Protein chains: 2
Amino acid sequence: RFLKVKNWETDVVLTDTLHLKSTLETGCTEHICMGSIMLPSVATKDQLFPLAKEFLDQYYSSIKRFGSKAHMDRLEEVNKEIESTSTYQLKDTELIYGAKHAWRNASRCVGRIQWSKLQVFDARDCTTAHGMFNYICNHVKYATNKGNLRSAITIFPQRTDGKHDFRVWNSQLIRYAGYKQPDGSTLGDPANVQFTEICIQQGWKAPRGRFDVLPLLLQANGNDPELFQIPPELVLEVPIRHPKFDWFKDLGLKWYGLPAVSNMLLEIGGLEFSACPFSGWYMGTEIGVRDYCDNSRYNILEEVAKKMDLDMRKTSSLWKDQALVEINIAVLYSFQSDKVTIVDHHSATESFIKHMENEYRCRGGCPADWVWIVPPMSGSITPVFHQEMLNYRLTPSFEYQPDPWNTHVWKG
Amino acid sequence: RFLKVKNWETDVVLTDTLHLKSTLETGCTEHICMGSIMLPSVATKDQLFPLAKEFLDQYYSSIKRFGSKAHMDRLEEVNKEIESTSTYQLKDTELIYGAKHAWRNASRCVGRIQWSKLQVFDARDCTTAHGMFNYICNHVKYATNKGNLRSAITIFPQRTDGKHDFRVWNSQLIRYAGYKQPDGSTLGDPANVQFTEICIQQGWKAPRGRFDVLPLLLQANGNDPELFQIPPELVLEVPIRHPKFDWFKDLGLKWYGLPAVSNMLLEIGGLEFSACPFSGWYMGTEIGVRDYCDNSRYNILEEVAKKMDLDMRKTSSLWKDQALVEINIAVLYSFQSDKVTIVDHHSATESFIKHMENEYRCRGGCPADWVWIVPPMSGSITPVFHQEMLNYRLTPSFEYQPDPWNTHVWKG
Ligand code: HEM
Ligand code: HEM
Ligand SMILES: N=C(Nc1ccc(CCNCc2cccc(NC(=N)c3cncs3)c2)cc1)c1cncs1
Ligand SMILES: N=C(Nc1ccc(CCNCc2cccc(NC(=N)c3cncs3)c2)cc1)c1cncs1
Ligand SMILES: C[C@H](O)[C@H](O)[C@H]1CNc2nc(N)[nH]c(=O)c2N1
Ligand SMILES: C[C@H](O)[C@H](O)[C@H]1CNc2nc(N)[nH]c(=O)c2N1
Ligand SMILES: [Zn+2]
């Protein structure tokens, strides 16, 4: 009941007792491990108060007033508010704590050494899609900070009945369009071909190119969503060049600077925040490996290998591996030369080991998802490959949720 | 109870019902996933017969005579033999079936598309360490087959009381020595520094160099183990050259051709085979990535990057990644040019997807360990990165076991 994780490169051993406070379930049983399944698995007033109490007992414990007067009155205050409304409202401090610890608790995030340096924007007074656009625009401007990126989260009103939900229908605030073709090929980003078309249905006028920044589809208080174009001056992009190969400019690639996830759900004290877009900065491999080289994404290994004059006849010439390394040198170089924040997989995975040591020491553990923490190239030459990790669900947390277009009681 | 695994690059979905026949436990619970822990977790006559029956019910089912006369008589025959001796003996056919399915069932092995082409050598008549040397020598000769490698397993007598065990104390039949230094550095292979010294204690005369093939320490029928030198003519090695960089010869590296694991335990029908060395061929990344570039192994990224004239000042120049790809191009090229069998991570991971489709179709599933199946470089540009896998323990199986020097009632 007091488990041990080992690093097999350093022989360092850590003891996890934090998993005892774990509540949710993982998908694994004693007879089957599901640690490589991508997505594993109304709210009544009965269930609500224990979730509120559990959250408030760790909030007040955290500020060194566990069980004090203010704790008991706040516990009774929330209990009384859940009697009257069968829900409740977080104090501003409780909202900032909740958000930072949802990030702290995200076992799939290698960036978490920053978890406490997070700027929380309280958008709970928002009522319309236009107000969402405004709040989201100010999030982008602040987070980008002229390339010196800053982590931030914007939190729209919590779910109530369920049919009144705030949702951002984009997967990321900033995301390139994807259009199919007559010959069945795909221009832009094949990830977003369905969403790109959805914007066209609600009325987008698409400039059918490669790197066309999608509009925002914003749904407020359960109403039908509404399209808005982020002003291009707020959309910072980085043209990708190589520090050796000058044909790399001719590739004419580019990516946006600010990764900002917008389709997830934030749980705090049993309250559900269906619209909570959050942003930090990129680890280089996300762009150079997955975005650029996934077969079902931009899929550019073909062209880069050609221009490098590689032996592409055989699998075993490792031409794919060789062109993958050049591409990620190029992403990093281009971002850095522009003073736009980015971290390479070596620095980020090292920081995550250091972060792990902090969490085990001053918190008794750090939930971690090896399948997601290990980067998608050069796995074993990063220290996290050799680090055993225990995965488990702690709350507050970021959860997946269905896409709004599959659940929204459409209204035409 | 009828689970679904998805490939997120091909959108292919498979249905696993094979996990229902799973027996052993994984280490995971409903509240904690341990899929990245390296090693998770006498035998009485009471427990023995169900294990025998379970094995015999699937053996006879496999040859299309489930429940026939021969099945029932064999079930009674084994029951009667477990009454008299509280153990039993496998028929030769049952031994070959068991071994092939232990391999078939090995969720950490990406090579399993070959699982039925396995040469089983019955060494159960062996009684002395000299006989073990002889059997092991014939295994090496056969498996190597002039570079056209062939999978094989040699099976020494099963454990009985426990204090009479056959063990091979080497981790692999062929393995390079590791010696420390006055300045605390290490020559050869740091993995085997303890075992290298153990051979020196029992009497080895070490040629203190880099790539010195260790002697065999062979323990028969519980007696103290005995040293034997494999004749060098049976030890096929491959000098590593690069197809472009001619300084790569000056690196003067080499590896042995035949990977032959010797420290594992084979369970068949409740019977334990403590000495069962098995051999196939290498996936290139095992040598070029782990053996050569693990920090606690040969650790050569330093020198290869130097001779490539790389910017080693910064982490983010990705010089480590760049020199890692060259090194694995070199391992593959050198093995192939010599007609010594080897598979590159791209071909091997593709074959494992194809194998997965076969197992789900004609068997209802394929237990698979994503943490181990995904290769240690270029992860997401192989199809197994994008393949969800269910892990679970089926029997017959290969299990870990303590090193004999930590358990053997030593006798001096
Ligand atoms: C500040 C720098 C950050 C870095 C370098 C970073 C890095 C990463 C990476 C590489 C992933 C894997 C994503 C993928 O492969 O699709 C990830 C996942 C994730 N990150 Fe972090 N992140 C950062 C900030 C944040 C912030 C500020 C939050 C929340 C407020 C956050 C929450 C998450 C969550 C919830 C996931 C899991 C998403 C999923 O399960 O699909 N991250 N992060
Ligand atoms: C024929 C070509 C084969 C290939 C290409 C292959 C490939 C691999 C690789 C790359 C690993 C990971 C090893 C590591 O990273 O330490 C592995 C593990 C394993 N292989 Fe296969 N293998 C082959 C044949 C076999 C055979 C013939 C057997 C048994 C008779 C076998 C049984 C296993 C087992 C039990 C493991 C897990 C070892 C562990 O858990 O540490 N393999 N294989
Ligand atoms: N459609 C598919 N399914 C699919 C389903 C779910 C997902 C989940 C993808 N999470 C995107 C994500 C999440 C968190 C952080 C980042 N990155 C960052 N650095 C930051 C962003 N904000 C602050 S930091 C990116 C992805 C794909 C697929 C098709 N082919 C392969 S997957
Ligand atoms: N000492 C350490 N612990 C440690 C504990 C356990 C282990 C287990 C390592 N299995 C070695 C192995 C197993 C199966 C197949 C192959 N390869 C093949 N292709 C074949 C061989 N035969 C037929 S195919 C190699 C490894 C290390 C470490 C220190 N640093 C990092 S690990
Ligand atoms: C099938 C598999 O679980 C899927 O590819 C996962 C693997 N690990 C990952 N790791 C990260 N960071 N991001 C991903 O999208 C995935 N995908
Ligand atoms: C900590 C972690 O489980 C350990 O590095 C595992 C990861 N995956 C692996 N995968 C393979 N094939 N071989 C290994 O030795 C390991 N080591
Ligand atoms: Zn698990």
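Is the shape of segment A:312-358 best called rounded, prolate or oblate, per the rule: a/c under 1.5 gives rounded, else a/b larger than b/c gives prolate, else oblate, with a ≥ b ≥ c the square roots of the Cα gyration tensor eigenvalues? In terms of gyration-tensor shape, oblate.
Peptide A:4-11 shows a mean partner chain C-beta count of 2 within 10 Å per residue C-beta. Taking the DSSP bridge list for chain B and keeping only pairs wholly inside it, about 80 percent are antiparallel. Computed over all pairs of different Cα atoms, the Kirkwood value for the hydrodynamic radius of segment A:188-260 is 14.4 Å.
Listed from fewest to most Cβ neighbours within 10 Å, the set A:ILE174, A:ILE136 follows the order A:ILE174, A:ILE136.
In a shell of Cβ-Cβ distance under 14 Å around A:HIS164, excluding A:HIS164 itself, what net charge do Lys and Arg (+1) and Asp and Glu (-1) give?
+1
Is there a pair in B:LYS45/B:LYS80; A:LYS180/A:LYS254; A:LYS254/A:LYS314 whose C-alpha atoms are over 23 Å apart, and which pairs would that be?
On the way: B:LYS45/B:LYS80 11 Å; A:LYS180/A:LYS254 20 Å; A:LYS254/A:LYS314 30 Å.
Those over the limit are A:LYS254/A:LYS314.
Within 10 Å of each Cβ of A:12-24, how many other protein chain Cβ atoms are there on average?
Working: counts 0, 0, 0, 0, 1, 0, 0, 3, 2, 0, 3, 1, 2.
Mean partner shielding for this stretch: 1.
Cα centroids of segment B:353-412 and segment B:240-310: 18 Å apart.
Report the far tail of the P(r) of segment A:17-158, meaning the percent of Cα-Cα pairs longer than 19 Å. Here the tail beyond 19 Å accounts for 66 percent of pairs. Remark: spin-label model distance B:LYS146-A:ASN148 equals 7.0 nm, labels positioned 7 Å along the Cα→Cβ axis. Across the alpha-carbon atoms of the protein assembly as shown, the computed radius of gyration and Dmax are 29.5, 87 angstrom. Site pair B:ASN223 and B:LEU24 shows an inter-label distance of 3.1 nm when each label is modelled 7 Å from Cα along Cα→Cβ. Could you work out [θ]222 nm for chain A from helices alone, using -39500 (n - 2.57) per DSSP H run of at least four and dividing by all its residues? Round to the nearest 500 deg cm²/dmol. That calculation yields -10000 deg cm²/dmol at 222 nm. Farthest towards the positive end of the charge dipole of segment B:277-367, among the residues B:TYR298, B:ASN358, B:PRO277, is the Cα of B:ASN358, using unit charges on the Cβ of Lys, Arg, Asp and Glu.
Provide A:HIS164, A:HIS355, A:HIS139 in ascending order of the number of other Cβ atoms located within 10 Å of each residue's Cβ, fewest first. Each step should come with its number before you reach the end.
Values: A:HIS164 13, A:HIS355 19, A:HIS139 24.
Going from sparsest to densest Cβ surroundings: A:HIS164, A:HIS355, A:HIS139.
Using the Kirkwood radius over C-alpha pairs as Rh, can you work out the diffusion coefficient of segment B:373-412 via Stokes-Einstein at 10 °C, viscosity 1.306 mPa s, in µm² per second?
On the way: Rh = 14.3 Å.
Answer, rounded: 111 µm²/s.
Once a ≥ b ≥ c are taken as the square roots of the eigenvalues of the Cα gyration tensor of chain B, is the result rounded (a/c under 1.5), prolate (a/b larger than b/c) or oblate (a/b not larger than b/c)? Cα axes put chain B in the oblate bin. Averaging the sequence gap over all C-alpha pairs within less than 8 Å and six or more residues apart, then dividing by the number of residues, gives segment B:61-149 a relative contact order of 14 percent. Legend: calculated FRET efficiency, B:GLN47 to A:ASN295, from the Cβ-Cβ distance at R0 = 60 Å, rounded to 0.05, equals 0.80. For segment B:1-96, a Kirkwood hydrodynamic radius built from all Cα pairs, placed in the Stokes-Einstein relation at 37 °C and 0.692 mPa s, yields a translational diffusion coefficient of 195 µm²/s.
Could you tell me how many cubic angstrom of Cα convex hull volume segment B:102-243 has per residue?
Spread over its residues, the Cα hull of segment B:102-243 gives 168 Å³ apiece.
Sequence-distant contacts, meaning Cα pairs under 8 Å at least 6 residues apart, place the relative contact order of segment B:150-259 at 24 percent. Comment: the Cα-to-Cβ extended label point of B:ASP125, at 7 Å, lies 9.2 nm from its counterparts in the other copies, nearest first.
Neighbouring Cβ atoms within 10 Å as the yardstick, rank B:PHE273, A:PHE133, B:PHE352, A:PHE2 fewest first. Write down the numbers at each step before the final one.
Values: B:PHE273 27, A:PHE133 20, B:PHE352 23, A:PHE2 9.
Final ranking by Cβ density, sparse to dense: A:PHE2, A:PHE133, B:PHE352, B:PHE273.
Per residue, the average separation of C-alpha pairs within less than 8 Å and at least 6 apart gives segment B:332-411 a relative contact order of 25 percent.
Starting from the label point of A:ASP309 at 7 Å along Cα→Cβ, the same points in the other copies fall at 1.7 nm, in ascending order.
Across peptide B:324-337, the average count of Cβ atoms from other chains found within 10 Å of a residue's Cβ is 3. Working from label points 7 Å from Cα in the Cα-to-Cβ sense, the A:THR127 to B:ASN138 distance is 9.0 nm.
No lab work stands behind these numbers, since they all come straight from the coordinates. A quick note on method: Cβ atoms are made from the backbone with ideal geometry, for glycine too, and the neighbour counts reach across all protein chains shown.
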